[PDB]
Amino acid sequence: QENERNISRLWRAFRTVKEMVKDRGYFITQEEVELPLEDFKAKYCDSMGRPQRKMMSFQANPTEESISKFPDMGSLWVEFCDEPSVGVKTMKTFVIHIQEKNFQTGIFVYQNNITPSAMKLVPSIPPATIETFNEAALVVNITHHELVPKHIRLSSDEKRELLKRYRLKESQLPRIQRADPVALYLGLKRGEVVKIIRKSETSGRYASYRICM
Amino acid sequence: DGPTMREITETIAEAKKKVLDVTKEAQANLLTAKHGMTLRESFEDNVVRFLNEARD
Amino acid sequence: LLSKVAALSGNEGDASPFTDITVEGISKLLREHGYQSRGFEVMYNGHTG
Amino acid sequence: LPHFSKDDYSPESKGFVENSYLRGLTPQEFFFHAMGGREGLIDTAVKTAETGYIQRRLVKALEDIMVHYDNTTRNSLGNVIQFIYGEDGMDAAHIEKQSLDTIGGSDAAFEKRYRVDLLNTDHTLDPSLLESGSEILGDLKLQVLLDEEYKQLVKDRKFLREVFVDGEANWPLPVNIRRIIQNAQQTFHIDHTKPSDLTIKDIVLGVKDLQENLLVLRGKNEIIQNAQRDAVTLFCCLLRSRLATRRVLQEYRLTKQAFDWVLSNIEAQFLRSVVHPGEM
Amino acid sequence: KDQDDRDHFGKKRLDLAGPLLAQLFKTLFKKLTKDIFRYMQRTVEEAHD
Amino acid sequence: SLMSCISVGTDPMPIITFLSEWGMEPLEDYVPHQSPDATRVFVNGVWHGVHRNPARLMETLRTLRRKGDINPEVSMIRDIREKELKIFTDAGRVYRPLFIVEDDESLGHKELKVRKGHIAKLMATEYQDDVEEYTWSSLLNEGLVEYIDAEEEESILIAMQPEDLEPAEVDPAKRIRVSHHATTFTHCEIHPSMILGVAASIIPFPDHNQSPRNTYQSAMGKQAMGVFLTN
Amino acid sequence: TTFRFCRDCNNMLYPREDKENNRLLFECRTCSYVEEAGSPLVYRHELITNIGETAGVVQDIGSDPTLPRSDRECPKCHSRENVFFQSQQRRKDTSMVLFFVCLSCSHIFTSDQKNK
Amino acid sequence: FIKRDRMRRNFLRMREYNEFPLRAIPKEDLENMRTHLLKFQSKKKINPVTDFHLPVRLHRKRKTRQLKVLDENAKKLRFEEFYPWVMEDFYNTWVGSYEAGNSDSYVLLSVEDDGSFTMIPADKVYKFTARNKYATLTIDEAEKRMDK
Amino acid sequence: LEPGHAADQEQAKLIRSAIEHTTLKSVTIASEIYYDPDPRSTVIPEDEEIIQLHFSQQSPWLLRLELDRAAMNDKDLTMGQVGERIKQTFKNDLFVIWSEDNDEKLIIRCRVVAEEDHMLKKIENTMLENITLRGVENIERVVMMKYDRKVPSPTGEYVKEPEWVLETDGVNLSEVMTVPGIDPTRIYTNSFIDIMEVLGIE
Ligand SMILES: [Zn+2]
Ligand SMILES: [Zn+2]
């Protein structure tokens, strides 16, 4: 019943997560993404059958090519949360633990909602950041949708080349907003340029450039 | 030409006849409306359908 | 057309909107005066005759 | 109308008009038809009055945007809107519908058209097509070229499938090719039943070369050349299809001067089809 | 019952010259009357003429 | 429209008075539960009371209008389903004349009250210029023709042509018509063409034109040249 | 639903549970008047409502000239002279089922062959 | 087909019981007294004043030269009589109100011991509330409670 | 719908059943309130069968209501799953009974553990309006449409391939997007504002 269905939703979302994490350039194998629902249920569901999220939380490491292009990029930690509404104390734990392991970024998935205090404490560890996603929001990866053309984040060197070649100021680029689902998805930050390849019905391949607000 | 005229005439008349039958049916509550469409909606919809078909 | 008849017969026509006057009725009247019953008429070009 | 008893849904009552204008209308018909006409005059006045006030907004918003020499389409502030006008850089005046031959057709008929294999007996050219076809037969250097070419076309079909989902084979593109061929044929009196003097290395290297002389963005660097390619991508895919070796020799029977002059013109008109910077 | 129709013509009254001149002439004659009264106050309170 | 006219209105008092004498119960005695079926009675939106026999009442009134006792302009209505009888002596209503059809006859079915005798009695007047000058006022006092507003137009039923649609029962050229099946016609239209205004009246055969070409003609006909006045 | 009124207060009676006898009464809060209930029923909403369809039938309805006439015979008196009209309730989903009204016995009988 | 105007030429070429008397009282009595109907809203049908007990009573409960606005005699007199009457024992209380529309035509027929009658014209007509039945006067306090 | 199930009409009907907003008022013919002090025994002679079955301290007031069987059909429902819904709505404060599908008259009765009526009649509204029986909110009148779809053949030319597609009135994109059994990739709405919100700027 409801238990089973909830398991299903949680699984699909979990798939989405790995997908995004690979897209950011962290190493996960195709099969590791493609692990079927039955295997996942056995791996993280208890003998009663209820799933265990605290077992699901896991580390992501950068792919070699990624280290090559973005040397600064560090490893990532992913937590889920079992609490339906996330407590500030749990948030504190996540903050501390990440600072402990010295990851460059962190990701926290919540079930329903989080106390405003916990949200306020999120920007407390520069340069490290905390991306916060809702479980129910991640159920379906958006990028697989037809209307969403492929995105690519860029290296500053590549960027300075872009601006120089078109003779542009950053302001003059078409702008994209941080709250954008895609922006969240790739975990963009301000002044970071993305490339978009949209398939055109006139040119047939049309590049484009945008810059987070 | 006349033979065409009478042919048009009947071609309309039968259309009216169909409409009349739809009327009798729905008056007798024997008509079942298309889902999402109210009964009288489905009625008008049909009647107009027949009519434009006739004119064409 | 109706005018063309009124012209010939010397009786003004009744154009009143809703009546029993019918095109065929006119056509017959006109034919009686010897013109083509639909009002078409043979014309010659002015330049070349 | 007062002339009908209550709850009369017959189409005579609710306004069906049976008589044609030639026969005239009964009065309760006429009145209805006047109601319809009035609706037609009213809405027409509204649409006109409103549509103009849209025309003004669309103008005032878009009035400042022009196409700079760099071919970026960018408004007053210098803000980049499009990195290449219309994404292919082509003036809407010069563009025509054209048939994409690669996108449509069955697997088999497609291969039957574009595939040329000298080693296998199925798809080999008839030698009388071109003067040297006999000695050409079986030669490996050429068969390899044709292999690369054919693979190119196939992978292009894989592409166009991904671009156009429904696979509509007709799209606006510059430079009507069909008319160029026809003009050339009639021009030089291309004579069927006689062998061509075209070599295959002549054909393939002719096309692959001509592709390089189609230019929109003339900048020299990685980024620009990336755009230049992504700009001419589709049009190229059309071109290869129309100039495919089989299609050239079997159908058009072009001679040397014919095929040359065609390559020349295709590029010549092409460059005319690029937008003129300074355009508003 | 249906929502009442605002455009039912039997519920619209037309106003020709008569009703118009009635309205306007009313407010004129009020203004007139009132002015005569003011004049009476001025002459009686001031005892002139 | 040509025959349309605007009501100049009259005084309600004589009507309101007249009602009570014929048995209208004054409002203040009304006990809704005890007299459930009585038709309540409006005059110019003012509700003065009720009446228990609207049928006969409404007959009395209509008879008075047709005698010309009440000014014909007054428009009375009886809504059967609503249990209301409305009256308007008010000014500013619009009304058009019609023939009054009557079932009451020596012979069979219903017929218009106007008959040839009246007609010749009119054209005697017209062609003349014998006595008493039988004219529109006469036609209205004798109850042949009656004025009807849009309100009273609710409760009646109208026939387009007298001799087409009155009697109970085809070349291909003529237009197709409806039937006479309705036996209740209370009123018959004088002539349908009169639904046209002045501008349209000049259009020949406007039935055969698409409507907007009638409109454009209605406007353009106003600016044409032509002799405007003899003087 | 069919609520009564007080005596000499005339006001509507609000239902009062009797906890002593565990039975229902009717109180008038303006006075001491209370009387017994006649049914356990108190409130009925009736979302789907078929009443009002036949509304507006009047003793004089047979005199209405604007109403059409029909030749169908009455099931009771078998008089073929009758007047018909559609459901008086005005709503989108209101069916077009006719209501035939005889001019002899005044009886109301529908045209619906599905449900009667 | 055409319009016929030759109608000048056409019209010229064609043309046990019991009988009890009634009387109008000497007006002196009328001069002394005005007569007024009584009506109750009770719904309690009986309501004879005998039932109403007793003791019965029935009783009603510097500028410079400037402008006055004009008014009628009958209306002014009626308006000046705005203290309505009332009746009690020493408690049941009825409060009346001028009907105002029914003066109209009302003729009184008094049944006297002999079958003959006397007839007096009706002055006014009043409608008596039975007032203060449940006897809660909640006034300003009630409005304040309403402000909840 | 997903490509595998695109041809099936009945799977489609399942999804329509899984989205279109369903309210208790939609299926409710009428409701009525009764005074029945004894919790177990009911004065009503008809319902005594229900008393006999569905049984084998609480409010003296009864709330009772009747459903359209046609509504139970057009919108597929089960008297049980309904009573499930209400039970898991109000939890234990309101006892619940419901009649069988076999019953020619669909009946539902409920009671509760100082002017009780207004509180009960209040709860009646929460029942009709505030209970979403099943499906996604804001959506109405989901229409099955057979749309032809151009799809490559195994032999490579295109083939017109009819498939069942659900048009929809009202828009909530996120949830509908998440519902299992559909194809999240091709989902579409005609209001771009939401496309912007959910799927971003591009
Ligand atoms: Zn009371
Ligand atoms: Zn009968």
# chains A, B, ... in the order shown; residues from 1 in each chain; ligands from 1
$ residues_near_ligand --ligand "ligand 1" --cutoff "6 Å" --atoms "only C-alpha atoms and all ligand atoms" --output "ChimeraX atom specification"
/G:6-7,9,11,28,30-31,33
$ residues_around --residues "residue 142 of chain F" --least-positions-apart "2" --cutoff "9 Å" --atoms "only C-alpha atoms" --output "count of residues only"
9
$ residues_near_ligand --ligand "ligand 2" --cutoff "8 Å" --atoms "only C-alpha atoms and all ligand atoms" --output "list in words"
residues 73, 74, 75, 76, 77, 78, 79, 80, 82, 101, 102, 103, 104, 105, 106, 107 and 108 of chain G
$ write_last_selection --atoms "N, CA, C and O atoms" --output "compact mmCIF listing (two decimals), in the first residue's frame"
# COMPACT_ATOMS: atom_id res chain seq x y z
N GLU G 73 -52.09 11.91 -25.94
CA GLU G 73 -53.21 11.68 -25.03
C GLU G 73 -52.73 11.48 -23.60
O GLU G 73 -51.66 10.93 -23.34
N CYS G 74 -53.57 11.92 -22.66
CA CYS G 74 -53.25 11.77 -21.25
C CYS G 74 -53.40 10.31 -20.81
O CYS G 74 -54.29 9.60 -21.29
N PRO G 75 -52.53 9.84 -19.92
CA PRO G 75 -52.71 8.48 -19.40
C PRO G 75 -53.97 8.32 -18.57
O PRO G 75 -54.51 7.21 -18.50
N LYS G 76 -54.46 9.38 -17.93
CA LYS G 76 -55.63 9.27 -17.05
C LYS G 76 -56.93 9.44 -17.82
O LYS G 76 -57.66 8.47 -18.04
N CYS G 77 -57.23 10.66 -18.25
CA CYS G 77 -58.49 10.94 -18.92
C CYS G 77 -58.44 10.71 -20.42
O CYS G 77 -59.48 10.82 -21.08
N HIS G 78 -57.26 10.42 -20.96
CA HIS G 78 -57.10 10.13 -22.39
C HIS G 78 -57.60 11.27 -23.26
O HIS G 78 -58.20 11.06 -24.32
N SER G 79 -57.35 12.49 -22.81
CA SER G 79 -57.66 13.69 -23.58
C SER G 79 -56.41 14.11 -24.34
O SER G 79 -55.35 14.31 -23.73
N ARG G 80 -56.52 14.24 -25.66
CA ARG G 80 -55.36 14.56 -26.47
C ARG G 80 -55.06 16.05 -26.52
O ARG G 80 -54.13 16.45 -27.24
N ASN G 82 -53.53 19.13 -24.87
CA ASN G 82 -52.62 19.44 -23.77
C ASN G 82 -51.55 20.42 -24.23
O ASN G 82 -51.30 20.60 -25.43
N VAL G 101 -48.96 18.92 -19.82
CA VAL G 101 -50.02 19.29 -18.90
C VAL G 101 -51.35 19.18 -19.63
O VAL G 101 -51.60 19.92 -20.59
N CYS G 102 -52.18 18.24 -19.20
CA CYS G 102 -53.49 18.05 -19.80
C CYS G 102 -54.38 19.26 -19.55
O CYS G 102 -54.26 19.93 -18.52
N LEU G 103 -55.28 19.53 -20.48
CA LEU G 103 -56.23 20.62 -20.33
C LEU G 103 -57.55 20.17 -19.74
O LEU G 103 -58.46 21.00 -19.58
N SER G 104 -57.69 18.89 -19.41
CA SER G 104 -58.92 18.36 -18.84
C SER G 104 -58.75 18.13 -17.35
O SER G 104 -59.36 18.83 -16.54
N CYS G 105 -57.94 17.16 -16.96
CA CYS G 105 -57.74 16.83 -15.55
C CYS G 105 -56.64 17.63 -14.90
O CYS G 105 -56.39 17.44 -13.70
N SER G 106 -55.95 18.50 -15.65
CA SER G 106 -54.84 19.32 -15.18
C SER G 106 -53.61 18.50 -14.84
O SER G 106 -52.60 19.07 -14.41
N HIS G 107 -53.67 17.18 -15.00
CA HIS G 107 -52.57 16.31 -14.59
C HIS G 107 -51.28 16.67 -15.31
O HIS G 107 -51.28 17.11 -16.46
N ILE G 108 -50.18 16.46 -14.61
CA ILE G 108 -48.83 16.65 -15.14
C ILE G 108 -48.26 15.28 -15.44
O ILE G 108 -48.15 14.44 -14.54
$ residues_around --residues "segment 259-265 of chain D" --least-positions-apart "5" --cutoff "8 Å" --atoms "only C-alpha atoms" --output "VMD selection string"
chain D and resid 180 to 181 184 206 to 207 210 254 270
$ write_last_selection --atoms "N, CA and C atoms" --output "PDB file, in the first residue's frame"
ATOM      1  N   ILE D 180      19.052  25.365 -59.111  1.00  0.00           N
ATOM      2  CA  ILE D 180      20.409  25.527 -59.609  1.00  0.00           C
ATOM      3  C   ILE D 180      20.737  24.375 -60.545  1.00  0.00           C
ATOM      4  N   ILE D 181      20.473  23.145 -60.095  1.00  0.00           N
ATOM      5  CA  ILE D 181      20.697  21.985 -60.958  1.00  0.00           C
ATOM      6  C   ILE D 181      19.974  22.168 -62.281  1.00  0.00           C
ATOM      7  N   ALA D 184      21.499  24.611 -64.512  1.00  0.00           N
ATOM      8  CA  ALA D 184      22.749  24.087 -65.062  1.00  0.00           C
ATOM      9  C   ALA D 184      22.515  23.092 -66.192  1.00  0.00           C
ATOM     10  N   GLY D 206      35.111  17.885 -54.373  1.00  0.00           N
ATOM     11  CA  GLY D 206      34.434  19.121 -54.725  1.00  0.00           C
ATOM     12  C   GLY D 206      33.507  19.589 -53.625  1.00  0.00           C
ATOM     13  N   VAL D 207      32.673  18.681 -53.115  1.00  0.00           N
ATOM     14  CA  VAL D 207      31.676  19.095 -52.140  1.00  0.00           C
ATOM     15  C   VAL D 207      32.365  19.430 -50.829  1.00  0.00           C
ATOM     16  N   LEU D 210      33.827  22.716 -51.008  1.00  0.00           N
ATOM     17  CA  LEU D 210      32.874  23.821 -51.054  1.00  0.00           C
ATOM     18  C   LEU D 210      32.282  24.132 -49.688  1.00  0.00           C
ATOM     19  N   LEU D 254      25.680  15.453 -64.586  1.00  0.00           N
ATOM     20  CA  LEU D 254      26.432  16.685 -64.770  1.00  0.00           C
ATOM     21  C   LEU D 254      27.785  16.400 -65.406  1.00  0.00           C
ATOM     22  N   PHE D 270      24.847  31.756 -51.765  1.00  0.00           N
ATOM     23  CA  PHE D 270      24.829  31.570 -50.326  1.00  0.00           C
ATOM     24  C   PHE D 270      25.256  32.849 -49.645  1.00  0.00           C
TER      25      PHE D 270
END
$ residues_around --residues "residue 2 of chain C" --least-positions-apart "2" --cutoff "9 Å" --atoms "only C-alpha atoms" --output "PyMOL selection string"
(chain C and resi 4-7+12-15+23+26-27+30) or (chain H and resi 1-2)
$ atom_distance --atom1 "atom CA of residue 35 of chain G" --atom2 "atom CA of residue 49 of chain H"
28.2 Å
$ interface_residues --of "chain G" --to "chain I" --cutoff "7 Å" --atoms "only C-alpha atoms" --output "list in words"
residues 22, 24, 40, 41, 42, 43, 44, 45, 46, 47 and 48 of chain G
$ select_by_dssp --residues "segment 10-188 of chain I" --states "alpha helix (DSSP H)" --output "ChimeraX atom specification"
/I:10-19,24-27,48-55,69-74,79-90,116-128,173-178
$ residues_around --residues "segment 44-49 of chain E" --least-positions-apart "3" --cutoff "12 Å" --atoms "only C-alpha atoms" --output "mmCIF file with C-alpha atoms, in the first residue's frame"
data_model
loop_
_atom_site.group_PDB
_atom_site.id
_atom_site.type_symbol
_atom_site.label_atom_id
_atom_site.label_comp_id
_atom_site.auth_asym_id
_atom_site.auth_seq_id
_atom_site.Cartn_x
_atom_site.Cartn_y
_atom_site.Cartn_z
ATOM 1 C CA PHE E 37 -35.935 84.250 -2.128
ATOM 2 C CA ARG E 38 -32.429 85.635 -1.728
ATOM 3 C CA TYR E 39 -33.584 88.973 -3.084
ATOM 4 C CA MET E 40 -36.417 89.025 -0.571
ATOM 5 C CA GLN E 41 -33.984 88.384 2.270
ATOM 6 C CA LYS H 63 -32.200 84.608 14.081
ATOM 7 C CA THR H 64 -32.379 87.407 11.517
ATOM 8 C CA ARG H 65 -35.276 87.459 9.045
ATOM 9 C CA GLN H 66 -35.270 83.796 7.894
ATOM 10 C CA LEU H 67 -37.157 81.081 5.956
#
